[PDB]
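Everything on this sheet refers to the single structure shown next.
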Amino acid sequence: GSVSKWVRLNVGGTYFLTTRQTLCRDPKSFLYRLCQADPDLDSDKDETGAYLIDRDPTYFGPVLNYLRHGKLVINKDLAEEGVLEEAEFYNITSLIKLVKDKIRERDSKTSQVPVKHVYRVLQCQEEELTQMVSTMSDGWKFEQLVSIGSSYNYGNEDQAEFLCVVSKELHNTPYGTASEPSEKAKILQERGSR
Amino acid sequence: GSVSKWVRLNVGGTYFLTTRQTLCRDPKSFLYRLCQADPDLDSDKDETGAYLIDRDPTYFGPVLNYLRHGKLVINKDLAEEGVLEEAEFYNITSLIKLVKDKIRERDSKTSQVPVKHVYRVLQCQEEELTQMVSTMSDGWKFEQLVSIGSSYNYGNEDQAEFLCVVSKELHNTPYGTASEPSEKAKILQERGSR
Amino acid sequence: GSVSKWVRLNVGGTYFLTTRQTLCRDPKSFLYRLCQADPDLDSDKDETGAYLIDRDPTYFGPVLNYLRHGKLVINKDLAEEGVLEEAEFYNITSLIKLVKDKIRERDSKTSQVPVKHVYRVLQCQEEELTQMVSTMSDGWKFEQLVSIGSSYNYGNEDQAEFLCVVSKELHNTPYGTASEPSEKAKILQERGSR
Amino acid sequence: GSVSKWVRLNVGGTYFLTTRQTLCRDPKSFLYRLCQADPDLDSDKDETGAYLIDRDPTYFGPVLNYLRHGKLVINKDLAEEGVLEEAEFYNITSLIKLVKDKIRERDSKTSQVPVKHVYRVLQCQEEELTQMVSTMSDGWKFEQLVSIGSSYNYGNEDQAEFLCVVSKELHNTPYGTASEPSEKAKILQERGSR
Amino acid sequence: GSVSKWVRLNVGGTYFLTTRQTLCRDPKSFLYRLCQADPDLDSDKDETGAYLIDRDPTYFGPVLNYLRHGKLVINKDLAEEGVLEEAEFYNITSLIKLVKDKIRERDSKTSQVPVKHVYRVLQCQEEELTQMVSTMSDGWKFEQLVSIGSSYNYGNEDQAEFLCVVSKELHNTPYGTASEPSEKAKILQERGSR
Amino acid sequence: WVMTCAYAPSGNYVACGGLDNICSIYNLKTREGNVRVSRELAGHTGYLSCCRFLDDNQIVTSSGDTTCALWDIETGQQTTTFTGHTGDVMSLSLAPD
Amino acid sequence: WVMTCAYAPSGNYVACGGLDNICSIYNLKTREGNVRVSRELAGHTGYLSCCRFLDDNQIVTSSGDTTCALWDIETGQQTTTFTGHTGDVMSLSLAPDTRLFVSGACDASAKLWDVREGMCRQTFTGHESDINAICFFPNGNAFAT
Amino acid sequence: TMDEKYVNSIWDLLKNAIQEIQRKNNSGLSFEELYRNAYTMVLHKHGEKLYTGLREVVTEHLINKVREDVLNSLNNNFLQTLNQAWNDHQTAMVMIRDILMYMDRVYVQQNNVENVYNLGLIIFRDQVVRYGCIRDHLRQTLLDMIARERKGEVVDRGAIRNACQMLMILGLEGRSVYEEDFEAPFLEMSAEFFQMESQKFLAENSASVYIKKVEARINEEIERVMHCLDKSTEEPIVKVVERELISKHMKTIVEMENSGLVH
Amino acid sequence: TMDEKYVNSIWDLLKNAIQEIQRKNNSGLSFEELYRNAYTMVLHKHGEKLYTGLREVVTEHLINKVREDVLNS
Amino acid sequence: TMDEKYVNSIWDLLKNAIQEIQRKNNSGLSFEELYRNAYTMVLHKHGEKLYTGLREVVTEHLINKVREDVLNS
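Chains A, B, C, D, E, F, G, H, I and J supply the protein sequences, listed in that same order.
Position 101 of the first sequence, counting from 1, maps to 140 under the UniProt record's numbering, and the rest follow consecutively.
Position 14 of the second sequence, counting from 1, maps to 53 under the UniProt record's numbering, and the rest follow consecutively.
Position 68 of the third sequence, counting from 1, maps to 107 under the UniProt record's numbering, and the rest follow consecutively.
Position 57 of the fourth sequence, counting from 1, maps to 96 under the UniProt record's numbering, and the rest follow consecutively.
Position 98 of the fifth sequence, counting from 1, maps to 137 under the UniProt record's numbering, and the rest follow consecutively.
Position 21 of the sixth sequence, counting from 1, maps to 119 under the UniProt record's numbering, and the rest follow consecutively.
Position 10 of the seventh sequence, counting from 1, maps to 108 under the UniProt record's numbering, and the rest follow consecutively.
Position 14 of the eighth sequence, counting from 1, maps to 37 under the UniProt record's numbering, and the rest follow consecutively.
Position 47 of the ninth sequence, counting from 1, maps to 70 under the UniProt record's numbering, and the rest follow consecutively.
Position 54 of the tenth sequence, counting from 1, maps to 77 under the UniProt record's numbering, and the rest follow consecutively.
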């Protein structure tokens, strides 16, 4: 018994139970041919049931999660590259893009070594620094406050009295839409250079 | 035939025998509705009397862990987000709460990659300095100490002499990067802003 | 259930085939009931006949290894807190102490995750500064130096020369066993507070 | 038991019905020979005739997926070390080029065990920080920023007012020295020494 | 069957087919007990002809052992407790000390748990600064730079003008050794102490 | 290189358009007591040059590539697309109308 | 220990060569806004000594071990390998013609080559000591030494 | 952990473990057990002893079982023994390779020594083929069947095919082993056969009949060499044909006999 | 993220099933099936359209099935 | 570091499988082999020769077998 209304898949030798329609959420997937009752199968068995799917069941998880509820799952043990491979096996373009973004976010921190960390410098006095640090922005880490030597307006109680440099790591995908700037962007860049 | 004091449930490919009581964490949960037979359900595994529903057992893992044990601990290698997706499909507000708390804990644990990190500023005098660094609160990490000029009492030993700056990985928000606002809080924030 | 020298537990739907003798180590644990083939614990499965335990196999691992060969091995990819909870479920006090020691080692190693972290400030001038920086203890990490205004000359060779804030990643002990005050200690604390 | 296309695999003592191709992708693997029939097969038993394997593993999974798709597997808790240890052993021929990077990347991590950071001093006038701070180079991280006075006007609004100090890791493999047989480079180094 | 020269050890349930001879090496190993058929056994099954191995191969592998085919050794990510207990199972106090030293090496080269760090104060004036900052010793890491109050050249460029506090993380000794038997060294240490 | 910042009509959101192709929407006021990004708006073709809050859930964003399309803040998807210029739509005037 | 920094004619790139044996080309223009390294030219026989932007995507790299080979910046591959000196090629100068690069080496002989031909047009001799720096005439018809 | 004895259980002294499954007593060797601790193959240097012991155990299992069982057959069923020995060695060697791919990936090619699988092939070649009696057995056997097939009697080809295919594959990348063993004696007997055959066709046939018969037979022998031997041997026999049937009939061909050439 | 093609197709199917099961027909897909059918569109930010569709479907069905029956009775 | 061996093995498997499916084989033909081959040899920048070779095999199977069956009917 392979299908009556439900389908038992054999993903890489691992039996899984689902229904035709959960796979039919996206009717362009590779499992479409497998699940539907048709003699187009190039791998199946009716001696004990279940079509033969010779593919990763380990990386079938997040792909089936997207196939069921349109959401990618990024586990800590999950090779985002591997789930990208499985998604491209099961042709989910938006999942492909999202997993590519996940891969590049992970690489910009881990495999490409921590790079392009954003650093900013903020002028603050005491009355400003207290709540600025208190109201420190989301996803940003304090790095160093320094007290600038001052002679004008004493060396204290001056709007320009402290410099706080902060940072935010970019576990960020480099832009694939074009991380290379255009001509007018470079025009404005040279204008702002000096 | 298919229902008893215990019930066999086919989450994914595998079949778990669990009491009908344990499967429900709130009577709005879909699992409880699946515990008793409904005229709407058509596709099921009548081969062993176990209802067929289509979700990953890996994110059912922490869900059933909380349901059986009453406390939710999501593994450091598994997506707490997958647990949240499982809960939201199964419509368990309690699990929504715990996944929320676990995600806050993880954001504290992942407060190195961009997610809010609390930072605070304290005043101290030269004398008080040793005390308040020594008596600095557990769960907080000292980040910086800055000497300043003394506007009172010579150049040293001033009630405003050193600014300590500490931090906490856990974010100050009620949840993650976004919490449901309240209007009176904004009213008072505007009141104190001016 | 079925009678055998071993026993097959349905730990979270997962068959643990372990000998009955290794489960007789702690009658004070739920397992020693599950090993009874006589009607002291009767449990079966309508597919295999395995006994049923509604405890997770997630943290059952290290506890079962502690039962088998006398020593716990918490895998460093699973929450030691979950192992402590599993130890609590079987309420093995030695196992509780061992997992709490593991969590203490974690917190000492993860003092920057918000747990115990000790801090101090030394006072020295340059001459002794080099000495005690060089003779800094193993475990105590230098975190910041700072100068303090010197009434002698303008700088060096004044007793008030340099504060030296140093730190150490200290273990956080799970509560209920640590940080328990005493009456005469509080008397002396009140005496020294002023 | 070769009685049909599905054959018996012994893992955990359980017998799994796996198709030939889930065991067969190349002649180098061990699962291949169990799909080939010869009278020297001594893996036969007296229960059902299933073929016995040592496998009861913890790291065979993602690297079997690697065999099945040919992309090295790095997890957020199992980095290029995991490739370098398991993906080598499962005998994927394409890894030899890939693992080299995994080898260098691994070296690039282990080379920083004797911490090798390129340290740079950049003098800046105060008005000149935020630019070159905001335009910090990739892989270059800000580390320190120390004020300094000057002979004229106490230092502020002068080029000798701040010293930024930045550091960059090495992706280099571990070294003990760097040498090239060019004598004139040594001449130039000695000339620039004074 | 397991009553003949061949046996089927149920290691983690998995049937490992092995000669009694390869398992009968000496009684120091646990396995010698199981393969050798003797009265008073309760670790054996006569329903299938197998001697059970209660230890699943999940820390049967990292056991420090010799004289067959396998692998061992604590890695930089392998648990300390498992290797420690597996060494203690192989007796010798020298073995215990050496395995502890190996764990301290793998934890102290990065200085985590042994937490072994070295700190130095380099007295450099301004012009020299970028020199030893740029020409720092590899295997080290800069930590702080602090100016010094000066009485010559407007407080800038003194013979002592900056303390560069540098550090490095590594074991002074991977064994964690201390105390020297040379009394002349002690005499000299006391002489240089005052 | 952030070109534009526009203060929302409600005075509690702020918008940022820089050389990046993402429009930043910071919810300045929340019960959190500090600024956190309400919405990152991705999918801009050209670089943002000027932007103006048409609402607090949608905004006009004159990006590059002749695009000054209306953008839904919540969904992050442009709803009405404004094309027809040459080069980047660089200026953006909001009427009291 | 960097002894050569060359500014590109466009200014979008800068080249530096030290004892790393690697010619670093840094892109000064990014939509990210951060100065990221354009290209790492690895494969020189010795240490770089003097490099010049005859192109924004090509660069002449007078390096150690008697080489002043030309590199295509885009591919990171050698464009016009130059060999023939006895001492390492340490100085270099581009003519305003942008067609004659004369390289001062430790062979005490200024070899004026052809930029993209792989051939040394001539070998001006007369210095008994290594040529420190070469500056062309404002026409490329001559150069001091 | 890396140093000092931990003897009597697992790891080290694997000659016995290897030769257990080389006798096809298979349940798996230890692969699951060594999967996890593999960041110590090259960083703690157990690879030198492992490589040396692997070479030694392969050599010893070649001499102890493979060689003397190869030698017991002179030229009949010697083909079957060689094929079975090669099959068994390859079966053992392929599961051998999986255990030690990391050290073979780094240290072996760092030491400029041949690949572990290629090392096993080299050791089999040294221990079976390159030893004198077996080598002469192969040479004489291939020569005898090729000559007998050339003489007009039908013989089996699958055996000579698998033996020759060994000779190529055991020759590493080239046909060095085959060239040293059979290619040259094959060329010699082929030259002799072409010469005597052309002479007998000239003697027993007239001019046109000699031409037709010799062309048909050249085609037949080329067909046999594709059918009884491999592809790479066709060019040598082609040049032998050129030097034995045309280059030795350049100037004895102008007038032939009976129907001649001018006729 | 808004796109209306599959949302309207699945709402066609959902209203068809609504009419079937509100006609007391045992068919009408599985409860999990219809639940997911609605779920994909409600997560897709078009729940207002579904609200109106349910409103009008229930409206006309009740008017033409039971309102006139109550009038008849 | 070399690439040619598994590249030609990939071509072998791809062409054998394409021929089998074009000859409508109803057994075997692991998808894992197909996609492993495809990714592993497009990664090293042989996607162009995949494009050309797949075009070629499709073209030739169009010409040799099915076109004549079109003509002879």
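Positions of the beta carbon are idealized from the N, C-alpha and C atoms, including for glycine.
Which partner residues of residue i appear in the DSSP bridge assignment?
i	result
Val50 (chain D)	D:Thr53
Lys207 (chain D)	D:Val157 and D:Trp179
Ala203 (chain G)	G:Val187
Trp169 (chain F)	F:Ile157 and F:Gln176
So residue i and residue j are in contact, right, with Cβ under 8 Å, and what is the actual spacing, rounded?
i	j	result
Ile135 (chain A)	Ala118 (chain B)	The pair is not a contact, with the Cβ atoms about 19 Å apart (cut-off 8 Å).
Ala108 (chain H)	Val93 (chain H)	6 Å
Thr143 (chain F)	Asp163 (chain F)	4 Å
At least one CB of chain A closer than 9 Å to the CB of residue i: is that the case?
i	result
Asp170 (chain F)	no
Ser147 (chain B)	no
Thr173 (chain G)	no
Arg137 (chain G)	no
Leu117 (chain F)	yes
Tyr62 (chain J)	yes
Quick check: is the beta carbon of residue i nearer than 9 Å to any beta carbon in chain B?
i	result
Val204 (chain C)	yes
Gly70 (chain I)	no
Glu219 (chain A)	no
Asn49 (chain I)	yes
Note the first and the last residue of the continuous beta strand (DSSP E) segment covering residue i.
i	result
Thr177 (chain G)	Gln175 to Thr178
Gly51 (chain I)	Careful: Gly51 (chain I) lies outside any beta strand (DSSP E) and carries neither H nor E.
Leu184 (chain B)	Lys180 to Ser186
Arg159 (chain A)	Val157 to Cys163
residue 158 (chain I)	In the structure displayed, chain I extends from 24 to 96; residue 158 (chain I) sits before or after that span and is not available.
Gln75 (chain D)	Looking at the DSSP string, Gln75 (chain D) is not in any beta strand (DSSP E), and its letter there is neither H nor E.
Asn110 (chain F)	Run containing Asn110 (chain F): none; DSSP gives neither H nor E here.
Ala126 (chain B)	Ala126 (chain B) -> not in any beta strand (DSSP E); alpha helix (DSSP H) instead, spanning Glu119 to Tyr129.
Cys63 (chain B)	Careful: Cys63 (chain B) lies outside any beta strand (DSSP E) and carries neither H nor E.
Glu138 (chain G)	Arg134 to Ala140
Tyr124 (chain F)	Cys121 to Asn125
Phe222 (chain G)	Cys218 to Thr223
For residue i, which of the options has the nearest alpha-carbon?
i	options	result
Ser173 (chain A)	B:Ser206, B:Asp81 and B:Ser82	B:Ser206
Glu138 (chain F)	F:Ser147, F:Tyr111, F:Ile123 and F:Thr184	F:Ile123
Measure from the C-beta of residue i to each C-beta in chain I and report whether the shortest distance is under 9 Å.
i	result
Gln156 (chain F)	no
What first and last residue would you give for the alpha helix (DSSP H) that runs through residue i?
i	result
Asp140 (chain B)	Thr132 to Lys148
Of all the CB atoms in chain C, is at least one closer than 9 Å to the CB of residue i?
i	result
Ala76 (chain E)	no
Establish whether the CB of residue i and some CB of chain D are separated by less than 9 Å.
i	result
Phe54 (chain H)	yes
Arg72 (chain A)	no
Using a Cβ-Cβ distance cut-off of 9 Å, determine whether residue i contacts chain J.
i	result
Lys139 (chain D)	yes
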